[PDB]
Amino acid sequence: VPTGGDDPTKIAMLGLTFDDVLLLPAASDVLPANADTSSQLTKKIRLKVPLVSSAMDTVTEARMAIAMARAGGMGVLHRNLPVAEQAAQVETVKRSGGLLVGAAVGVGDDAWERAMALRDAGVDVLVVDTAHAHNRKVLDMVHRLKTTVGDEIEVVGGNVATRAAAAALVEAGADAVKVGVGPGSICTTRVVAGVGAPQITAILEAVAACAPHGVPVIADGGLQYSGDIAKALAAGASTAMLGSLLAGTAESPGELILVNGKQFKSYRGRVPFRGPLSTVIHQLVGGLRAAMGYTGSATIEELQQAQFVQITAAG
């Protein structure tokens, strides 16, 4: 093997991240303003805008979830709080109109009780929210939820970064699979544990397992620019989950931070303050619409068939 040892499988793949690729323009009859940006969040739930906000306590509580749903996306309420309060946040969202909302649960001791409280409060999507879903405890939770509340509630499982892990969640009954393990995020799993998977490759692999079963993939982590959203969807994802890009909006939890005359909000680090969510979402969707124009993609399903060019460090 050119890189060492005698085992060609030891280095299993060349992992590409968003910055490694660009979408190629293609024949187009699509104007950006006329593109259809709707996409499946889960097998049953379609969003008007293929964006959801991260289940993080610096990103999504009730205010963010309401704003996301109104913008045509969805929020996933974080679970770093008592069960009754998360459930109360769900109720708050639901009484602000007929708005979709999700909520995270883990696989710990209180996770089942949390899930039932969220169900009672009227949640639409339960996200089984773990660092590493390729694990019997996680798969069992997904399956148990699906078999218990699956008629009324869509169940998302994550996170994964390989084809085999995605396939396991599909088999367990997941309604969507969330992709992102060491995706290049603030937790720096890559530096601390040495573990990760560049996101374009991770999405391509997960989609290879999910699309043949009609299960949408949520790209979760490492998205820095509006152009990354287009790349994630073209790699085959159906939606993108955003943390850092939304943590600086007015609707996110936390107060303004002023450093050297500039405004920031906290992210757990800090991110530039961006103003209202509606403004950020408008910019992001603007970039996505531009990509759909350039690639001749009338719908997100067409964008999922677009081609890339791989670029070098110089590019």
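Residue indices: 1-based, along the sequence shown.
Where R268 is followed by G269 in the displayed chain, the model omits 10 or more of the deposited residues that sit between the two. When the mean C-alpha temperature factors of 257-265 and 244-252 are read from the deposited coordinates, 257-265 comes out higher.
Between the stretches 220-228 and 195-203, it is 220-228 that shows the larger average CA temperature factor. The entry lists C-alpha B-factors for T279, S54, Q40, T37, and the highest of these is at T279. The entry assigns its greatest Cα B factor, within the set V83, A211, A133, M74, to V83. When all modelled residues of the chain are sorted by CA temperature factor, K178 is found within the lowest third. Ranked by Cα temperature factor within the chain, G275 sits in the highest third according to the deposited record.
Ranked by C-alpha B-factor against the other modelled residues of its chain, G97 falls in the highest third. For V285, the recorded CA temperature factor ranks within the lowest third of the chain's modelled residues. When all modelled residues of the chain are sorted by CA temperature factor, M116 is found within the highest third.
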